[PDB]
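Residue numbers (PDB author numbering), protein chains in the order written: chain J, 3 to 100; chain S, 4 to 81; chain N, 2 to 61; chain U, 2 to 25; chain C, 2 to 207. Below: one structure, written as structure tokens.
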Amino acid sequence: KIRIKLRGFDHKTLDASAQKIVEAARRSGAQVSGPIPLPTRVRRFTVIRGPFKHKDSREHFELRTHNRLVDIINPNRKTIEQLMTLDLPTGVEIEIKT
Amino acid sequence: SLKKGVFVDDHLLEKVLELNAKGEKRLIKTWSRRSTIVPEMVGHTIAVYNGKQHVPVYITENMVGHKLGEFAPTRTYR
Amino acid sequence: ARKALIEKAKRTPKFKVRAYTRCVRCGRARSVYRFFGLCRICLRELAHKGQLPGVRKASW
Amino acid sequence: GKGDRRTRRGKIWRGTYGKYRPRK
Amino acid sequence: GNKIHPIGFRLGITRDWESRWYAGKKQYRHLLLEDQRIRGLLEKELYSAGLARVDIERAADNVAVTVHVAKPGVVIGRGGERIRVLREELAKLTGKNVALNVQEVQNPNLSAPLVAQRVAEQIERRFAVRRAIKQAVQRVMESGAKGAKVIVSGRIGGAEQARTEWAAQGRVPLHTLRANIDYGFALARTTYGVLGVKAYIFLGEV
RNA sequence: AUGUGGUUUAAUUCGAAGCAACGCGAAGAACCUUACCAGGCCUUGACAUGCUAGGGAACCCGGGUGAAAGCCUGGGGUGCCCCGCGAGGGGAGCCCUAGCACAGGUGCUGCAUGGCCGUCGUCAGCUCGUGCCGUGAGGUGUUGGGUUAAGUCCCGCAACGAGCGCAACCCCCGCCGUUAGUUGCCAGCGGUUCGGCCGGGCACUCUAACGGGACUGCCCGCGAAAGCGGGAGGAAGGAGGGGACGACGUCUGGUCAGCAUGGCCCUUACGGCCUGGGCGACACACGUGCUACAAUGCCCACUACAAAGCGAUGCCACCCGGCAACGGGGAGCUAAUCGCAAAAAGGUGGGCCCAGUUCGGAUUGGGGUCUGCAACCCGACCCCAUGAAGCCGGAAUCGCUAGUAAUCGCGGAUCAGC
Ligand SMILES: NC[C@@H]1O[C@H](O[C@H]2[C@@H](O)[C@H](O[C@@H]3[C@@H](O)[C@H](N)C[C@H](N)[C@H]3O[C@H]3O[C@H](CO)[C@@H](O)[C@H](O)[C@H]3N)O[C@@H]2CO)[C@H](N)[C@@H](O)[C@@H]1O
Ligand SMILES: [Mg+2]
Ligand SMILES: [Mg+2]
Ligand SMILES: [Mg+2]
Ligand SMILES: [Mg+2]
Ligand SMILES: [Mg+2]
Ligand SMILES: [Mg+2]
Ligand SMILES: [Mg+2]
Ligand SMILES: [Mg+2]
Ligand SMILES: [Mg+2]
Ligand SMILES: [Mg+2]
Ligand SMILES: [Mg+2]
Ligand SMILES: [Mg+2]
Ligand SMILES: [Mg+2]
Ligand SMILES: [Mg+2]
Ligand SMILES: [Mg+2]
Ligand SMILES: [Mg+2]
Numbered sequence: 003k004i005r006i007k008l009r010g011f012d013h014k015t016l017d018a019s020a021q022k023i024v025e026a027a028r029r030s031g032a033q034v035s036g037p038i039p040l041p042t043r044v045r046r047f048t049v050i051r052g053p054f055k056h057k058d059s060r061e062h063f064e065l066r067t068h069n070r071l072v073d074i075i076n077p078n079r080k081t082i083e084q085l086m087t088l089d090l091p092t093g094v095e096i097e098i099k100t
Numbered sequence: 004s005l006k007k008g009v010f011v012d013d014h015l016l017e018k019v020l021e022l023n024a025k026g027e028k029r030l031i032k033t034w035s036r037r038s039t040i041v042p043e044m045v046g047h048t049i050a051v052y053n054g055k056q057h058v059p060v061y062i063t064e065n066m067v068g069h070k071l072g073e074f075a076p077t078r079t080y081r
Numbered sequence: 002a003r004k005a006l007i008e009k010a011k012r013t014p015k016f017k018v019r020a021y022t023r024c025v026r027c028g029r030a031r032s033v034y035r036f037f038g039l040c041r042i043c044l045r046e047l048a049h050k051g052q053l054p055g056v057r058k059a060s061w
Numbered sequence: 002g003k004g005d006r007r008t009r010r011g012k013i014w015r016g017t018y019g020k021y022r023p024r025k
Numbered sequence: 002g003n004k005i006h007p008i009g010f011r012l013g014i015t016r017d018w019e020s021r022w023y024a025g026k027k028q029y030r031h032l033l034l035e036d037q038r039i040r041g042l043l044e045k046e047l048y049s050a051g052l053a054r055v056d057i058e059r060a061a062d063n064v065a066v067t068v069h070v071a072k073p074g075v076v077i078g079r080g081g082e083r084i085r086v087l088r089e090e091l092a093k094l095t096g097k098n099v100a101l102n103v104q105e106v107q108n109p110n111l112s113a114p115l116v117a118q119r120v121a122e123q124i125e126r127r128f129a130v131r132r133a134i135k136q137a138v139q140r141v142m143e144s145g146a147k148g149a150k151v152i153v154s155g156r157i158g159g160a161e162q163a164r165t166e167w168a169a170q171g172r173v174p175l176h177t178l179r180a181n182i183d184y185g186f187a188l189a190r191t192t193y194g195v196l197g198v199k200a201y202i203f204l205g206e207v
């Protein structure tokens, strides 16, 4: 019944941050459809390296928004405690849906 | 090319309309070459700026759909 | 001119189409990535330093 | 072909749509 | 004119960012401009302390700003008189609640941007441009490094023709990703124009 | 079409100059941009910090004039320090004018510079320590024999080692495993208005994190060795394929117009603001490109090949009006969920019948649509008409060794639009 989207630039601070949200609902409540990894939005920017004319020759930058997903089916209040404000957000995004 | 207005500068009209209520002046000069020549506001002589000076363009009937700057040519020997 | 102009481009103007971008550092009109407000130059610079988060050398 | 507005291909190349290339 | 920035070459590995805050595609723009005029102000009124990194994090209207320095004493003031003034100065531009840790760089001769600054400082006080380099490297090797290298640009000693002095010791393998090479750059605005100081310190590995 | 040379201009702003300038700075010149010109204007200035001084001190609403900028104006206005006074004067904010320190300059110098870049060259190199040799500069090492993509490794050797390079450490793509179920499925079985749509299921596919896998490890031949030829197993051999990555140095290379910066120059102007024009000129010359010159083709209709990215001052399904561009309405989607989205080439049918053509789509007349204050100089699109050169290109000359070239469409950045 409860749906949480997880964005972020860093793939270790999702597979960490939101794989600890799997323990803080399994231990203190009921069923979880595990963490599901979403299509990542790669942004790429492409820049003429030098300040002045050197139009061939460039540098290539991406900015990669990783997305992950978790679903919890049984809303206990034994769960919404860690999943409420036992805070360890770091450089991560939090979407909460139903 | 538009169809909901002819996007003509009020500062010109206003000055032309409130000349048509008695007005037969030649020292009418403008910088709005971007304005359509409006339904029969003819007879008058508007001087249009080419970016260097105003040129007297005598406005007759055959040339009404057009813009003003079409008669103030901006570049020399073409 | 590039002072009286970094200033002018911030003023809200008669007509929104007279409006435009500018590298909020390196104060500059052309190649200005709107996702950053950053001139390609003053940008490759930050991108290198680590001052643009999650931005990284692309290689594929 | 590709240079002709009144073909379908002229449209495609130009990215446009019209009589000569309708949206289904 | 060759050669990539050694930090930027490493960001994914053996070097992480000076700004660890996510944003959507319409906040990022402003959370950056702020992010920057921050360092613009900090670095300017905090040279004395000698700041290496100006780390930053976010989580919606609060900001980390974990400034690393050689001389913590100078940012604080005897008790807490300056660190107050700074938290106060910050929120006047940053319309948010500015937190603010402070860190000691335990050994400043292994912080490349400090070593740069050091050498740059000497140059502005017309010092022996070539020995500065020589010494600086030594100092850095002396505090236990795996290698180092320092570079100064041109107009060395106010000479008419620009030149370029360098010196180095041990390893500085700029092509190895798994190296950990703190890099740093200092200016040096002198009576006869700018010189440029670059500094490389090898330490790391697996 | 575009960039450049030249010429022309009031101006056609500046730079870039063989390779390594010329679809380059420009990842978006109608006004903005804009640095150029012509005219109307402002001068302590569009922006920063302070000083000397009468005037008002927060502020609000018009009018005249003009193209706009600006300028000449008439009103609404009395909040706060201070009580020192029970009659309110003292430059506390703040705002004005008059001076002053200053701002401002995309003015010049890349041969005063930083930085960043280009370049020889991803070429196999350039060095150092100590020892040894030489009066010395220097040499040896780094020569020699083998080998490699490689100063890669091997064997030798008055050298023994090392550093910057090479390779490796990193990303993408090939095979498999683990972890995970609003995207996958009759794979299994069930219901299906037969659209994975419905309960249901992660098997598979995929998505994205972490592992595995390759080592000349194994077999035959050559070799002193490195390594070389061949074989098996394996998705993949001997660097599996593509990136990222650029030694000491060279070019007084490039940029003072991104920025930073030493010096010199302008300060009712070399600063500023505006409207208008110019950067779009056209007797010419060159570079890079597009579309062609057709039947292995062109046109029209039907027909799932699938594959990276963008989208809430947005992507717009679906209905309707218009030949259409587009205009009305209007659902879904902060997006693996909804949209841009048709992929095109291909396939199936039908037409054309070798013609300057149903090839080609320049030029030009006319009617429109959209963005935008505004589309004459200067936008893209649609529709009618008009159909130019062009029948595969002189001397010269360019790219590419495999999922390459050739060909076909698709997306993005900048961006109102282009
Ligand atoms: N990081 C720098 C960038 O590298 C670019 O890539 C350049 C090179 O790395 C690249 O490689 C060269 C090629 O230049 C040259 N004309 C012929 C040569 N065979 C190529 O080498 C080739 O083989 C090597 C090793 O096998 C590869 O690693 C290399 O990247 C590949 N291109 O081709 C480009 C130039 O011809 C550009 N040099 C330069 O514009 C840009 O700065
Ligand atoms: Mg090119
Ligand atoms: Mg002529
Ligand atoms: Mg614009
Ligand atoms: Mg045709
Ligand atoms: Mg110049
Ligand atoms: Mg130079
Ligand atoms: Mg230079
Ligand atoms: Mg030059
Ligand atoms: Mg001797
Ligand atoms: Mg080697
Ligand atoms: Mg060899
Ligand atoms: Mg390498
Ligand atoms: Mg020169
Ligand atoms: Mg102008
Ligand atoms: Mg041009
Ligand atoms: Mg023929």
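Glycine included, every Cβ here is placed at the ideal spot set by N, Cα and C.
Residues of its chain near residue i, where Cβ-Cβ distance is below 8 Å and the 5 sequence neighbours each way are ignored
| i | result |
| --- | --- |
| residue 1 of chain C | With chain C running from 2 to 207 in the structure shown, residue 1 of chain C is simply not present. |
| residue 42 of chain J | 66, 67, 68 and 69 |
CB contact flag (residue i, residue j, <8 Å)
| i | j | result |
| --- | --- | --- |
| residue 19 of chain J | residue 92 of chain J | yes |
| residue 172 of chain C | residue 147 of chain C | yes |
| residue 180 of chain C | residue 205 of chain C | yes |
| residue 94 of chain J | residue 10 of chain J | yes |
| residue 151 of chain C | residue 165 of chain C | no |
| residue 62 of chain C | residue 102 of chain C | no |
| residue 50 of chain J | residue 41 of chain N | yes |
| residue 62 of chain J | residue 46 of chain J | yes |
| residue 76 of chain C | residue 47 of chain C | yes |
| residue 116 of chain C | residue 133 of chain C | no |
Residue i at chain C interface by Cβ criterion, 8 Å
| i | result |
| --- | --- |
| residue 11 of chain J | yes |
| residue 28 of chain N | no |
| residue 16 of chain N | no |
| residue 48 of chain N | yes |
| residue 9 of chain N | no |
| residue 44 of chain J | no |
| residue 58 of chain N | yes |
| residue 93 of chain J | yes |
Assigned secondary structure, residue i (DSSP; H/G/I helix, E/B strand, else coil)
| i | result |
| --- | --- |
| residue 75 of chain S | coil |
| residue 48 of chain S | strand |
| residue 96 of chain J | coil |
| residue 85 of chain C | helix |
| residue 149 of chain C | strand |
| residue 41 of chain J | strand |
| residue 64 of chain C | strand |
| residue 62 of chain J | strand |
| residue 7 of chain N | helix |
| residue 14 of chain U | helix |
| residue 158 of chain C | helix |
| residue 68 of chain J | strand |
DSSP beta-bridge partners of residue i
| i | result |
| --- | --- |
| residue 40 of chain N | N/33 |
| residue 59 of chain S | S/50 |
| residue 104 of chain C | C/69 |
Nonlocal neighbours in the same chain, by C-beta distance under 7 Å from residue i, ignoring five residues either side
| i | result |
| --- | --- |
| residue 44 of chain J | 64 and 66 |
| residue 19 of chain S | 44 and 47 |
| residue 24 of chain C | 32 |
8 Å Cβ cutoff, residue i in contact with chain J
| i | result |
| --- | --- |
| residue 42 of chain N | yes |
| residue 33 of chain N | no |
| residue 19 of chain C | no |
| residue 58 of chain C | yes |
Contacting residues, own chain, Cβ-Cβ under 6 Å from residue i (five flanking each side not counted)
| i | result |
| --- | --- |
| residue 74 of chain J | 4, 27 and 34 |
| residue 12 of chain S | 35 and 38 |
Cutoff 8 Å: residue i Cβ touching any chain N Cβ
| i | result |
| --- | --- |
| residue 90 of chain J | no |
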